[PDB]
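Just one chain is shown here, as C-alpha cells, and it is the form deposited in one PDB entry.
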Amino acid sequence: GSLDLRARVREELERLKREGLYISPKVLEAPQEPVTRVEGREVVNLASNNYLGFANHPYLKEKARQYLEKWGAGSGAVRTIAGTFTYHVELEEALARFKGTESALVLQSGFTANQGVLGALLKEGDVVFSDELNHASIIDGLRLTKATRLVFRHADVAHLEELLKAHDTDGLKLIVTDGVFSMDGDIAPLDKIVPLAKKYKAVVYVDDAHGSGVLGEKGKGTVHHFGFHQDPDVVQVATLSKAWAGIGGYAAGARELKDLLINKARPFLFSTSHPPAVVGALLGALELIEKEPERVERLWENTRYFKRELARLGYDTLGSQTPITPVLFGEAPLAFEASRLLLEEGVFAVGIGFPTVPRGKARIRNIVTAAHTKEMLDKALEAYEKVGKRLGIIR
C-alpha cells in the first residue's frame, strides 16, 4: 500500500506539529527597513540581515533602475552558454577590487555558491574539517562531494589540531567554517585557524555570509579583518543577500580558482545568471559603502549598545560578538511564544528552531543594523524587559 502525495505531506506536517517545530512565517507589508509593517502594525524589525540599511536605499534602487532599463528583465541563459553579459564582468571586476583578491566570481546564491565551490575543489580521498555549527548550505555542499567529512567542536582549535594530527591525505585538507556563525553571532578564530592550517598544509574555506559588509575596513570581511586576504590557501565565499542587500553569492581569490569554478561548479553550469536590476543594485552597494564607510561604524555602535543592555537585563547572548545578538529559549515553543509576545509590544524578532538551530537550542535572533535609531533599540529593549519578566527568564 503506497502513499499518495497528500498522505505523505499530511504525515510530515503532523510530525512537525507534534515535535513543536511547525512554523507559520509572517508577511512583511512595507519595505525591508528597521521599522516595517507586520500584521497591519508598525514594528521595530530585528529579524532581517539588512546590516547596512541598503535593502531600501535610493542609491542602490537608482543603479538597479539604470541597468534594468538598459539591459532588461532577464539574462536568458547560464553563464557558460549565453548568460554572461558586460554587466556580470563589471560586477566581478568591482568585487575583486573591493575584496583585494586577484578575482571574484558571482554565483546565483550563497546557498549554491557553497555547493559550487566545495564541489569544484573536493575529490575522493580529500579530508574536510567542519566546525560543528556550520550553516546548512555547507553541509549540503559537502554531502554532494566524496570527501571524508570530520567535525570539530565549535570554534575549538585544540580539537581541530587533534583531528589535523590524526587524519592525513596525499589529497586536499579543507578546514571549513562560517566566518560569522549565522545563529550564534560569534567569529571564527581565524587568527589561530589559519596558522594551524599552514602548520598542517591545509586550505581554509570561510563562508563569510555574516562577515561580508560587517567585519574588516568598509566591511571587506572576516578574512580581511584577521589580515589573511592575500593568503593563497584561504578561500572566501559569501552571500550578496545580507549586508549587500540583493541576492547572489561570490567566491574570491586567485584567477586560477575562478577559472576552475567557471568549468566545474554545477550550480554555475546548470542555472541562469542574475538579471540586470540585481547586478546594478550590487554595483550601487559597492559604490555606496565607498562613499559612506561610517555605516559600518554606526552598525557597531548600535550593536555594542543593544548587546550590553540585553546582557544587563540578564539574558544569555551566547557570547555573540557581531550585530547578531541571540537570546536562547531552549524549547522551540518558548521561542515562538516569546516572539509572539514581542510582536504584541510592536517588536518583530522571530523565534528559530530545528532545522535552522539544534533541538532544545531554540532562540530569537536579533540583528542590529546601521539604520536602527536609539529610539528603536530602546523600544525593543523595553519589550525584552517586559516579556522576559512575564516569562520568568529574567528578574
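A residue's number is simply how far along the shown sequence it sits, counting from 1. We call the rigid core whatever largest set of C-alpha positions still superposes within 1.5 Å between the two forms.
The form deposited in another entry is left out here; the points below concern that form.
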**Q.** Displaced residue between this form and the one not shown, judged on C-alpha after the rigid core is fitted, out of 327, 55, 370, 46 (threshold 2 Å or more)
**A.** 327
Q | Core-superposed C-alpha of residue 347 shifting 2 Å or more between this form and the one not shown | A | no
Q. With both forms fit on the core, has residue 65 moved 2 Å or more by CA between this form and the one not shown?
A. no
Q. Is residue 37 one of the residues whose Cα moves 2 Å or more between this form and the one not shown, with the core superposed?
A. no
